[PDB]
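Single chain ahead, written as structure tokens, the form deposited in one PDB entry.
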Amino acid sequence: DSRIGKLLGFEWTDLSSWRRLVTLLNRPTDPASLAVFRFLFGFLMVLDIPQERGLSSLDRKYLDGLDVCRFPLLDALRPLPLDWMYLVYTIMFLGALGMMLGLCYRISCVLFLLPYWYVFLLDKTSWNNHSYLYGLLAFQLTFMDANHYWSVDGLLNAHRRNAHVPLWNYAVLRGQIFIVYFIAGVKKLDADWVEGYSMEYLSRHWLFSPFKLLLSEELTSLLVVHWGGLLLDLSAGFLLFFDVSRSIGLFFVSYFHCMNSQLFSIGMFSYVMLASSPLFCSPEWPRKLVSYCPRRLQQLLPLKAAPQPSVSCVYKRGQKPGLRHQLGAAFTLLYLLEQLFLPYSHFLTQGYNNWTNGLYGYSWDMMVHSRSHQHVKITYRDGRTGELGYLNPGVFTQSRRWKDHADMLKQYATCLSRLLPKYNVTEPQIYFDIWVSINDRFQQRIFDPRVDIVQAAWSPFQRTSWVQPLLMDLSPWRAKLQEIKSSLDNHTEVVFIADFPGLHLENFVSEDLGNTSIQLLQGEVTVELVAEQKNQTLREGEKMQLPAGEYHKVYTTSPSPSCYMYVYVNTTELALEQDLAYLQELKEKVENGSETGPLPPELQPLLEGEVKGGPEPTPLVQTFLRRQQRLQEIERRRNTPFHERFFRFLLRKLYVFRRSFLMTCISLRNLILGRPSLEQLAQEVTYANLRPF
């Protein structure tokens, strides 16, 4: 009756006492929308297990006998052998199918939940927001009575056939989606999102073509992409709940998610959010959709009559609340409070803090920070002889996220410490030097390059002392530097560097990179050439021509950070391009009839196009033929029909699913009936990898 009563659905007096709150949170509600969401979520996760979880690639990630450095949340966790991992994924698949079909719902939910979180916590390099969301949804749905409508348990059990469900089942999901939208929006109130730096190059996609009929590219990249996204997050959080705004909110949210699906490669996140969007609608929309159909079709679709009473609700005649109702209310309140708190819990677990806040995955800060790494050097000093050596940047690793987090760096250092003695290295001391820029800033060190990470100190609840601060004082320079980026030719390239007081950088210019120069933008540096031991002190706005093929050091000798730049052009590439262009001009002259004089013998293979019955072509001729073939391939790719691409996509996905199924079969057979001789295994592995055709 009250206006608040219709707007919000509940009256204020319901919150006076615990009993009234429990009765409100356990009132009857229709089960249809929850059942549809359960079906869609189960089906999408079933499709997602062989694609993103990595069951197709599981045989080259956890291969037995290979030594790789793992990054688990807890050091205690260790992967099992490959076959048991295949069994774990089979259990996941069975649980997901059970959730989809509503068959043994609680058991299926547990079988999906526990393996999923095991995989999620086993590796920190595979964390993203849309995996955390799937984990949370699986956790929530374990307790919700979602097997009441369109479920096989209903057919096998009369009491759970089209029955009522309590109201907090919908409330928890609605709150979760609202939290996702709102926290994503508020997290996007950052200086690098409101000013157009994050996703600065996404306005070129053809989906934004109509906007370009009325707005320029720069304006389209700010008003639509950034401010539009932020406003859509906050407004889509609020609007869908209210009755009046549901249609416009649904339209904008659906357009937003379809554009996200096409623009990015996030995966199944867009479809999951689309499936969750109807959940804010009335709890009985599928029933009225079913009713408005022919009777013959209604003979196959689920029941349409009013639901029967359930014992998971409190009815007002009354009925004193039991125990599960109180637990449901407490679970709802505590879970939503924890969900609000966790994204902002970064001041307690300070070990994981960096330039960004906390580990990625549970902050809802999607597509806000972009990083470009320029150089990574790993140096080791032997603990017996004193020799100094250099390792490859990414050895014994499968991801590139260790370059930005202190904990992963410490784990990598310990892994290298335990592995290197297999290669005649005594107790080593490992030093790291990583150059990274976030949102197009100066390249700067992230970690102190004088600290042995093997013996350094790290605890989750105390700040790490060997992470360099982000120099945010140089923020406005991002304008001017960009101008210098646009003043160059098609050959010249520029790299910007900002360095701390006391430190130095030692660099080696390759023989190819002739005509390399160094200019100083701010501060005071001294550049040392070591071939003749000569150092020159550069003032602001002075340029030097560095040697090619030697080592040079740049030292910072000012109390404040110094900013400089390297400008270089590749001489070998330019010379090859010019010679190839001359050759192409001669070829064209021959083709059109000009150059009546005899062709050189080396040119005869070029016209023939095949090396048969003659001397082997020079490397330049081979490069020309390769370039021509690549250009022809690209041209053929461009002039390609859509239907062929669609058929190829279907075939590729078929191959992925086939490989997953066959390899899982091999693993299960090995577990149960033992391992055959090696020849049969080789034959089977050859059979599985066969392309479908």
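Heads up: residue numbers just count along the shown sequence, starting at 1. Here, rigid core means the biggest group of C-alpha atoms that superpose within 1.5 Å across both forms.
Of the other structures of this protein that model both sides of residue 612, a third or more give it no coordinates. Compared with other PDB entries of the same protein, residue 594 is missing from at least a third of those that resolve the residues around it. In this entry, residue 317 is separated from residue 318 by 4 to 9 residues of the deposited sequence that have no coordinates.
Keep in mind that the form deposited in another entry is missing from the display, and what follows is about it.
Residue shifts between this form and the one not shown, rigid core superposed: of 345, 282, 125, 535, the only C-alpha displaced by 2 Å or more belongs to 535. Taking the rigid core as fixed, one finds a CA shift for residue 461 smaller than 2 Å between this form and the one not shown. Core-aligned CA deviation for residue 105 between this form and the one not shown: less than 2 Å.
Core-superposed comparison between this form and the one not shown: the CA of residue 442 exceeds or equals a 2 Å shift. Relative to the shown form, the CA atoms of residue 364 and residue 191 are brought 3 Å or more closer together in the other form. Compared with the form shown here, the Cα atoms of residue 443 and residue 264 move at least 3 Å farther apart in the other form.
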